[PDB]
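I have placed the structure first, in the form of structure tokens, so that the comments after it can refer back to it.
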Amino acid sequence: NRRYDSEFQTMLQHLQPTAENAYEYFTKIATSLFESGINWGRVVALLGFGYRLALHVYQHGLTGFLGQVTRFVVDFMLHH
Amino acid sequence: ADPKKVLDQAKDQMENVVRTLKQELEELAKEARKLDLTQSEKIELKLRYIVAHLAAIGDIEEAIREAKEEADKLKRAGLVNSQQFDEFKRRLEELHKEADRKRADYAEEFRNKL
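Protein sequence lines, in the order shown, are assigned to chains A and B. The opening position of the first sequence corresponds to residue 86 in the deposited numbering, with each subsequent residue numbered one higher. The opening position of the second sequence corresponds to residue 2 in the deposited numbering, with each subsequent residue numbered one higher.
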């Protein structure tokens with residue numbers, strides 16, 4: 086059951102969320118969605134969005150730290 | 002022929018969902034053509050788009066679930082055999098792949114407009 090990952094990804098790249106505003110953006114999305122109606126598929130889709138929004142925000146920070154760590158180690162092997 | 006009727010229920014229901022998504026994305030694109038649109042109002046249009054795209058996903062996932070349960074009733078009664086039942090889920094998956102393509106194409110062209 087993976088049919089929606091390409092769409093979930095394109096949505097997150099359109100939104101361009103950060104670690105600070107991801108939860109605010111998510112709660113606004115969740116509220117407008119459930120105020121217009123709640124059903125099994127919408128709860129699954131929202132939780133699916135929620136989890137991938139968390140991975141989107143935090144993989145952004147992960148690749149950054151990995152870049153800093155790797156660039157540092159090779160820098161020390163370069164000058165020293 | 003009875004599973005063919007259940008498939009027609011899912012096809013029409015998924016297409017109304019995709020049309021509901023189409024009509025609201027047109028309404029959001031009209032408001033994105035507003036003069037002197039703030040960066041905040043552009044963000045509020047992005048959030049409203051995600052709400053509509055999620056609703057289109059979950060409501061198609063709702064029509065698929067009901068169609069599978071309507072067929073589970075037919076199988077337990079005995080009106081469909083294993084070959085006819087497995088053909089149902091095969092053609093139900095193609096209608097699902099088709100609704101996904103149309104849903105994604107509407108969201109994709111909207112993102113390009115905004």
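Note that beta-carbon positions come from the ideal geometry of N, C-alpha and C, so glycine has one too.
For this session: Report yes or no: is there a C-beta of chain A within less than 8 Å of the C-beta of B/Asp-13?
Result: Working through the second sequence from its first residue, we reach residue 13 of chain B at position 12. Judged by the 8 Å Cβ criterion, B/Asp-13 is not in contact with chain A.
Problem set entry | Inter-residue spacing [alpha-carbon to alpha-carbon] between A/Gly-135 and A/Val-159 | Locating residue 135 of chain A in the first sequence gives position 50, where the first residue counts as 1. Locating residue 159 of chain A in the first sequence gives position 74, where the first residue counts as 1. C-alpha separation (whole angstroms): 37 Å.
For this session: Would you tell me roughly how many angstroms separate the C-alpha atoms of B/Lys-23 and B/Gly-79, rounded to the nearest one?
Result: Reading the second sequence from its first residue, position 22 is the one you call residue 23 of chain B. Reading the second sequence from its first residue, position 78 is the one you call residue 79 of chain B. Distance from the CA of B/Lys-23 to the CA of B/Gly-79, rounded to the nearest whole angstrom, comes to 39 Å.
For this session: Output yes if chain A places a C-beta closer than 8 Å to the C-beta of B/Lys-47; else output no.
Result: Counting from one through the second sequence, the residue named residue 47 of chain B turns up at place 46. For B/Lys-47, the answer is yes, since a Cβ of chain A falls inside 8 Å of its Cβ.
Exercise. Cα separation between B/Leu-26 and A/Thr-112?
Worked result: For this step, residue 26 of chain B is matched to residue 25 along the second sequence. For this step, residue 112 of chain A is matched to residue 27 along the first sequence. In a straight line, the C-alpha of B/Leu-26 is about 21 Å away from that of A/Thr-112.
For this session: Determine the burial state of B/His-54: buried for a count of at least 16 other Cβ atoms within 10 Å of its Cβ, exposed for fewer.
Result: Reading the second sequence from its first residue, position 53 is the one you call residue 54 of chain B. Buried, since its Cβ has 16 or more Cβ neighbours within 10 Å.
Exercise. DSSP three-state call for B/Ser-83: helix, strand or coil?
Worked result: The count along the second sequence starts at 1 and reaches residue 83 of chain B at position 82. When DSSP states are grouped into helix, strand and coil, B/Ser-83 belongs to the helix group.
Exercise. Roughly how many whole angstroms lie between the Cα atoms of B/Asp-9 and B/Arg-92?
Worked result: In the second sequence, residue 9 of chain B corresponds to position 8, counting from 1. In the second sequence, residue 92 of chain B corresponds to position 91, counting from 1. Straight across, the Cα-Cα distance linking B/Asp-9 with B/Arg-92 is about 11 Å.
Problem set entry | C-alpha distance - B/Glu-95 paired with A/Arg-88, whole-angstrom precision | Taking the first residue of the second sequence as 1, we reach residue 95 of chain B at position 94. Taking the first residue of the first sequence as 1, we reach residue 88 of chain A at position 3. B/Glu-95 and A/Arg-88: Cα-Cα distance of roughly 12 Å.
Problem set entry | CB contact flag (A/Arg-127, B/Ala-56, <8 Å) | One-based indexing of the first sequence puts residue 127 of chain A at position 42. One-based indexing of the second sequence puts residue 56 of chain B at position 55. Contact flag set, yes.
Problem set entry | Pairwise C-alpha distance: A/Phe-93 and B/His-97 | If you number the second sequence from 1, residue 97 of chain B lands on position 96. If you number the first sequence from 1, residue 93 of chain A lands on position 8. About 17 Å.
Exercise. What residue from B/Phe-111, B/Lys-35, B/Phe-89, B/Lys-47 has the CA that sits closest to B/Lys-76's CA?
Worked result: Residue mapping note: residue 76 of chain B aligns to position 75 of the second sequence, counting from 1. Nearest option by C-alpha distance: B/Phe-89.
For this session: Starting from A/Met-96, find everything on chain B with Cβ-Cβ shorter than 7 Å and list it in chain order.
Result: For this step, residue 96 of chain A is matched to residue 11 along the first sequence. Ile-51, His-54, listed in chain order.
Exercise. By Cβ distance below 8 Å, which residues in the same chain neighbour B/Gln-85 in space, the five residues on each side in sequence not counted?
Worked result: On the second sequence, position 84 is the one that residue 85 of chain B refers to. Once the five neighbours on either side are set aside, the close Cβ partners of B/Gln-85 are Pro-4.
For this session: Give the DSSP-derived three-state secondary structure of B/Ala-2 in the structure shown.
Result: Your numbering for residue 2 of chain B matches position 1 in the second sequence. The answer is coil: DSSP assigns B/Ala-2 none of H, G, I, E or B.
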